[PDB]
Amino acid sequence: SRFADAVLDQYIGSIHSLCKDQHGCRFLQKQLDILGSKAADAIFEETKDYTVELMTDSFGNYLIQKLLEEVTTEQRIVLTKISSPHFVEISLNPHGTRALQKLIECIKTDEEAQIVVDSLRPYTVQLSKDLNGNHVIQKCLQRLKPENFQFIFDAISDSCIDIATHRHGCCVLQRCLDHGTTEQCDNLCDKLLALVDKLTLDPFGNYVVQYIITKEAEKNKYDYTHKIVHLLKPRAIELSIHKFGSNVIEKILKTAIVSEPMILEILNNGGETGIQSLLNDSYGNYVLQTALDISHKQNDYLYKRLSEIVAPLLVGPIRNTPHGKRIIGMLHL
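- What the deposited record gives as its method is X-ray crystallography, and the resolution it gives is 2.69 Å.

1. Regarding the nonpolar core
Okay, step 1: One finds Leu120, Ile152 and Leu192 to be the most contacted residues of the largest nonpolar core, which totals 103 residues.
Okay, step 2: Looking at this core element by element, the count peaks at eight residues for helix α21 (residues 256-279).
Okay, step 3: When residues no more than four places from it in sequence are discounted, the contact partners of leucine 192 are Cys160, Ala164, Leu173, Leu199, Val208 and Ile212.

2. Thoughts on the packing of aromatic side chains
Okay, step 1: Counted under the stated rule, the structure contains four aromatic pairs.
Okay, step 2: Where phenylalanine 3 meets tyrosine 11, the ring centres are 6.0 Å apart and the plane angle is 50°; that geometry is what we call tilted. Of the two residues, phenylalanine 3 and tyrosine 11, neither departs from the other in class, the shared state being buried.
Okay, step 3: Aromatic side chains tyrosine 11 and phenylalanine 27 sit 5.5 Å apart centroid to centroid with 70° between the ring planes, which places their arrangement in the edge-to-face category. With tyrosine 11 in the segment before α1 (15-18) and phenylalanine 27 in helix α2 (residues 22-34), this residue pair connects regions lying 16 residues apart in the sequence.
Okay, step 4: Judged by its relative accessible area of 3%, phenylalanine 27 falls in the buried class.
Okay, step 5: Members of the aromatic cluster, joined through ring pairs, are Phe3, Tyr11 and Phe27.

3. Here's the deal with the packing of helix α3 (residues 37-47) against helix α6 (residues 73-83)
Okay, step 1: For the pair α3 and α6, interaxial distance at closest approach is 11 Å and the crossing angle is 25°. With respect to each other, α3 and α6 are oriented roughly parallel. Relative to α6, α3 is oriented so that their crossing is left-handed. For the pair formed by α3 and α6, the contact residues are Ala40, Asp41 and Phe44 on the first element and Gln75, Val78 and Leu79 on the second.
Okay, step 2: Each residue belonging to the contact of α3 with α6 can be placed in one class, and the counts come to four nonpolar, one polar and one charged.

Reading guide: rules and limits
Residues numbered from 1 in each chain as written, not as in the entry; some residues may be left out. Heavy atoms only, no water. Core = buried A, V, L, I, M, F, W, Y, C linked by side-chain atoms within 4.5 Å. Buried < 20%, exposed > 50% of the residue type's maximum accessible area, 1.4 Å probe, protein only. Helix = DSSP H or I, 4+ residues; strand = E, 2+ residues; numbered from the N terminus. Contact = heavy atoms within 4.5 Å. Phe/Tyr/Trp six-rings, centres within 6.5 Å; stacked < 30°, edge-to-face > 60°. Axes fitted to C-alpha atoms, helices over the stretch in contact; angles between N-to-C directions. Parallel < 35°, antiparallel > 145°, perpendicular 65-115°, else oblique. Left-handed = near helix turned anticlockwise from the far one by under 90°. Nonpolar A, V, L, I, M, F, W, Y, C, P; charged D, E, K, R; others polar.

This is the structure we're talking about:
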């Protein structure tokens with residue numbers, strides 16, 4: 001290309017003009033990778049005034065990302081100060097969000113972290129809810145100290161329902177449970193638990209309810225799992241035939257320490273009517289199949305108990321349908 005046999009020094013005073021091109025950018029990124037200090041200085045001096053515009057640029061963003069790694073702490077702090085008032089603009093941009101995630105990954109000082117929290121805090125929900133913005137917010141949780149990412153938990157505490165039930169907010173909620181302090185995660189789960197009814201039936205909320213259990217199961221320490229089960233068990237059948245509620249029922253059926261109480265509810269307060277409802281539902285069928293699969297593995301008394309209610313129902317029509325044939329497969333094992 002144009003820059004194969006070119007040299008940083010010939011571009012001094014014209015570096016910004018290269019930051020348009022994909023090839024100019026890659027040239028510069030090369031120079032940053034190999035010089036590098038002198039490259040970082042030259043490039044920092046000629047692009048600092050335009051960081052926002054290079055951050056939200058399709059090729060320029062990758063340059064700033066590279067620049068951020070290679071630049072000194074003094075320089076990095078300047079790039080942060082210049083861009084910080086425009087974090088919303090940058091976070092909404094498909095590229096801006098990638099450049100700004102790198103910035104966060106790169107910060108070493110606590111002054112740098114205070115500038116970032118100060119700059120993001122006012123906009124936490126908006127960004128949590130944004131297709132590009134939510135990632136900047138998650139990076140904060142992945143990278144900062146809990147004391148610095150508190151603001152995210154605080155903002156969520158106040159818009160919990162809409163953030164939990166949001167396509168992207170739900171991913172940010174899950175990042176909170178990944179990195180949150182026990183105290184943080186507890187205060188958050190308390191709020192979520194007050195909303196477990198709504199969340200369970202929700203397209204996106206049901207995943208948050210599952211994730212709590214996922215996380216607790218990871219640690220082998222159970223708290224909110226038990227509190228959730230306690231609230232939803234009384235509706236085991238009702239939720240088993242729900243597009244989204246059934247995701248949670250299955251999640252519980254697949255969590256060894258709570259499997260059997262749930263299977264029991266299905267057996268007792270469901271009976272042949274409830275079970276026939278499952279066998280015959282677009283959703284509860286799979287839940288029914290989960291029930292048989294788990295019970296066969298964990299508890300012969302429950303499996304045989306389920307089997308003897310199910311098998312009388314598997315006759316005629318159902319037997320030849322795909323869903324009928326599915327349960328038939330779970331029957332004698």
